[PDB]
Amino acid sequence: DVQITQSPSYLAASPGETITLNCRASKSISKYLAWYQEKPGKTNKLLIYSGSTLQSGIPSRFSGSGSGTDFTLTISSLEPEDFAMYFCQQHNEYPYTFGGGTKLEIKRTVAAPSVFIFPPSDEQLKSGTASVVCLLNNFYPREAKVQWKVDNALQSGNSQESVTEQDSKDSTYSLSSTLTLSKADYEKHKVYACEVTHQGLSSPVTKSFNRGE
Amino acid sequence: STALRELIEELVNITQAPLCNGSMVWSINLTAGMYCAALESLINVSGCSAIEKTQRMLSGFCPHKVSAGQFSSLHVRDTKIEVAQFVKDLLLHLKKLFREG
Amino acid sequence: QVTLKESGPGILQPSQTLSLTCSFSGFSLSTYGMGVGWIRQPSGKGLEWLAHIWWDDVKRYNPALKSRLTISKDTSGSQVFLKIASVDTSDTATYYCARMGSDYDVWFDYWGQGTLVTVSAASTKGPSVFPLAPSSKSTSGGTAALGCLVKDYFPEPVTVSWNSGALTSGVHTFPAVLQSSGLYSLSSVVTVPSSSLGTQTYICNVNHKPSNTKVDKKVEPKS
């Protein structure tokens, strides 16, 4: 039973670059390794099989190599559509086994977020809970900090956030952060404020509202 | 089986060039002791170097030695076919064993 | 041309039997060389081969699961089925079916989009949908943001579109977060011109299949 390791599991590169991805088997698999390309909202796409055989209709900038235990996929002159998750699969031996994948993401210039703050709706408040949402739209790199304040009290542990995958158009990310309060607590305070720090910003940006306005 | 895969690969290579140039062998039941049966039926092809590696590869799966010039039968229900047809038939049976495990 | 598509229960209770269907066009499992396998991916973890079947009914099964699995096809060879007996939470995964690219070797030339199966004792719960209304504090450089908050549902997934797919550009539907309550919440946003907010209608179309909950929510300036 063969264990497949892909290390590193993350790579960033700019278009036009040539990159190599590694796949390692726990014991020899002769030359029988396949490579697949994975993309959000798409079906998995077979690129190479038997170590080095290019699937029909795949561009020749994909090149697979290796034999025994150590394998590489090389993608030369990366096009934008080439950024994706790439996983390998040994087909030498039953049972068939897959590597854990390498995410290949585009490096691009820093872009600052556009920040938006949303109050809870009246509809929501009727049910007794208040969500306050902060949106950071279309920034790069991924790293960003959101600080919540209610009447200048720093909110800690009562928010959750998530982040989109790299955008197929500008290579940016977006982030949503939700502050949860009770309706009762919500109605006790005036100023709701989301302060964002990001490399693209010389100084923190705050969007706020006054409950009422 | 690596050995099995290698053999399948060699058959694929050699039948992709009409294998043994107007040599005929007798068919057999390949569903019963396939490997020895195929070697028995192929061991007497005499002027075809393309089949030598095949013969050696088949010997690795048979648990007795297969010698040329031996008596089997007068092959009354059997039928003479081209080596290529035989080998392509053999290939199908081998792929199934591969697929079965 | 060649397409595959998985269909499944969405959610099931432990000790139950998961039944999955793979439907496909552009080939038949009665043609020589054709076959189909089942592969699964638990979230944030790697793919795991389960079972496969060929046109002549030769089948293979992952030995770690061998006893729990049964794979089949119909006589019209137009669908393939997997059964997994005695599921537990370790069987929570996205399930893919895929066509074998070879007549003997096991790599996959075409895959389905996958279907999520959650194995849990918790009850199915449909979401509430609330507006994220456009304002002045969601408005910058001639662009405003608005959205929908899809709150308090179980299990995943939910889909969200905008104006029944009439809006393509500027939409970001975020990964759900699992809240401390054991329920999921997600946001979907769309950025749009500020100047047209008075004269354009924005509707988020939300669907949570497990609960049979469909909601179209209008999002308007105000409150």
Side-chain angles (χ1 to χ4, degrees), chain A residues 1 43-44 94-98, chain B residues 99-101, chain C residues 3-24 28-30 34-100 106 108 111-126 153-159 176 178 182-184 207-213:
Chain A
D1 183 291
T43 64
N44 289 335
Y94 155 111
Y96 313 100
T97 51
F98 293 81
Chain B
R99 284 190 292 116
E100 291 176 348
Chain C
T3 58
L4 296 104
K5 175 159 182 181
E6 308 81 357
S7 96
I11 182 173
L12 53 166
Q13 313 244 155
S15 86
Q16 182 65 289
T17 294
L18 162 66
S19 161
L20 290 146
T21 293
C22 182
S23 321
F24 45 86
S28 172
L29 258 84
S30 44
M34 300 305 176
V36 164
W38 284 97
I39 304 104
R40 70 184 190 169
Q41 181 156 38
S43 182
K45 299 158 79 303
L47 289 161
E48 170 185 39
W49 171 76
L50 297 176
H52 57 263
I53 181 180
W54 294 97
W55 84 99
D56 64 353
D57 252 294
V58 175
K59 303 161 194 207
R60 304 291 292 286
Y61 295 101
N62 203 310
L65 296 136
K66 171 93 200 290
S67 63
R68 300 202 288 114
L69 311 172
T70 309
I71 188 162
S72 20
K73 59 179 163 64
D74 49 16
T75 307
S76 95
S78 69
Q79 291 184 319
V80 173
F81 313 107
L82 192 72
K83 300 273 186 312
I84 313 192
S86 326
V87 297
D88 60 345
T89 58
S90 96
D91 296 301
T92 301
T94 299
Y95 287 85
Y96 299 96
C97 61
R99 193 185 75 172
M100 268 90 88
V106 189
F108 307 95
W111 298 58
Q113 200 75 68
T115 188
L116 187 52
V117 173
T118 300
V119 173
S120 184
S123 20
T124 301
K125 191 184 174 306
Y153 65 90
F154 186 84
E156 285 262 59
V158 141
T159 61
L178 176 60
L183 296 182
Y184 293 89
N207 197 355
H208 182 245
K209 298 174 175 163
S211 69
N212 269 50
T213 303

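Heavy atoms only: backbone and side chains are in, while hydrogens, waters and symmetry mates are out. Reminder, nothing fancy here: chain letters follow the sequence lines and each chain counts from 1.
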Give every residue pair that meets the salt bridge (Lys or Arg N to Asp or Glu O under 4.0 Å) criterion with at least one member in residues 60-72 of chain C, sequence neighbours excluded.
-> C/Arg68-C/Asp91

For C/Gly112 against C/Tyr96, the heavy-atom pair lying closest together | O-CD2, 3.5 Å

Hey, what do you get for CZ (C/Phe154) to OG1 (C/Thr118), rounding to the nearest 0.5 Å?
-> 6.0 Å

Counting distance only, does the side-chain N/O of C/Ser211 pair as donor-acceptor with the main-chain N or O of C/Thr124 below 3.5 Å?
-> no

Which residues share a side chain to side chain contact (heavy atoms under 4.5 Å, CB included) with C/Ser76, sequence neighbours left out = C/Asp74, C/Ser78

Heavy-atom closest contact (A/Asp1 atom, A/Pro95 atom, distance) | OD2-CG, 3.3 Å

Residues forming a side chain to side chain contact (heavy atoms under 4.5 Å, CB included) with C/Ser19, sequence neighbours excluded = C/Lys83

Residues passing the side-chain hydrogen bond (donor to acceptor under 3.5 Å, both in side chains) test with C/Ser7, sequence neighbours excluded, are none

Out of curiosity, C/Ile11 CD1 to C/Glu156 CD, how far, rounded to the nearest 0.5 Å?
-> 11.5 Å

Beyond-backbone contact of C/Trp38 with C/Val80, side-chain heavy atoms, under 4.5 angstrom = yes

Can you list the residues that meet the side-chain hydrogen bond (donor to acceptor under 3.5 Å, both in side chains) rule with A/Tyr96, with sequence neighbours excluded?
-> none

How far apart are the closest heavy atoms of C/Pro155 and C/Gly10, and which atoms are they?
-> CG-O, 4.4 Å

Under the side chain to side chain contact (heavy atoms under 4.5 Å, CB included) test, which residues partner C/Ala64, sequence neighbours left out?
-> C/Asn62

Would you call the rings of C/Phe108 and A/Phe98 parallel, tilted or perpendicular if under 30° counts as parallel and over 60° as perpendicular?
-> parallel

For C/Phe24, what residues pass the ring pair (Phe, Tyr, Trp, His ring centres under 6.0 Å) criterion, not counting sequence neighbours?
-> C/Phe27

Counting N and O atoms only, with roles assigned by atom type, does the side chain of C/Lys59 sit under 3.5 Å from a partner on the main chain of C/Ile71, one being a donor and the other an acceptor?
-> yes

Residues two or more places apart in sequence or in another chain: which of them pass side-chain hydrogen bond (donor to acceptor under 3.5 Å, both in side chains) with C/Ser72?
-> none

If you look only at pairs with a residue in residues 4-13 of chain C, which of them pass as a salt bridge (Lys or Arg N to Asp or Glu O under 4.0 Å), with sequence neighbours excluded?
-> none

Non-hydrogen atoms of C/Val117 and C/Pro9 that approach each other most closely = CG2-CD, 4.2 Å

Working to the nearest 0.5 Å, report the span between OG1 of C/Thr92 and CG of C/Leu116.
-> 8.0 Å

Stepwise, does the side-chain contact (heavy atoms from CB on, under 4.5 Å) test hold for C/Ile84 with C/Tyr95?
-> CA-CA 12 Å; C/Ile84 313 192; C/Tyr95 287 85; 3.8 Å; yes

Give, for atom CH2 of C/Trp55 and atom CG of C/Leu29, the distance between the pair rounded to the nearest 0.5 Å.
-> 9.5 Å

Distance-only check: which donor-acceptor pairs under 3.5 Å involve side-chain atoms of residues 43-52 of chain C, not counting sequence neighbours?
residue, atom, partner, partner atom, Å
C/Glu48, OE1, C/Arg40, NE, 2.6
C/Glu48, OE1, C/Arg40, NH2, 2.9
C/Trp49, NE1, C/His52, ND1, 2.9

Please step through side-chain contact (heavy atoms from CB on, under 4.5 Å) for the pair C/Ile39 and C/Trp111, ending with a clear verdict.
-> CA-CA 10 Å; C/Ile39 304 104; C/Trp111 298 58; 4.0 Å; yes

Hits for salt bridge (charged side-chain N to carboxylate O under 4.0 Å, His left out) against C/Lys73, two or more places apart or cross-chain, chain-then-number order -> C/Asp57

Can you list the residues that meet the side chain to side chain contact (heavy atoms under 4.5 Å, CB included) rule with C/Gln113, with sequence neighbours excluded?
-> A/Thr43

Inter-residue atom distance C/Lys209.NZ - C/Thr115.OG1, 0.5 Å rounding | 8.5 Å

Side chain proximity check, C/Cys22 to C/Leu4, heavy atoms < 4.5 angstrom = yes

Measure across C/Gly126 and C/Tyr153 and return the closest heavy-atom pair with its distance rounded to 0.1 Å.
-> C-CB, 4.0 Å

Search all heavy atoms of C/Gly77 against all heavy atoms of C/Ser28 and return the closest pair with its distance.
-> O-OG, 3.3 Å

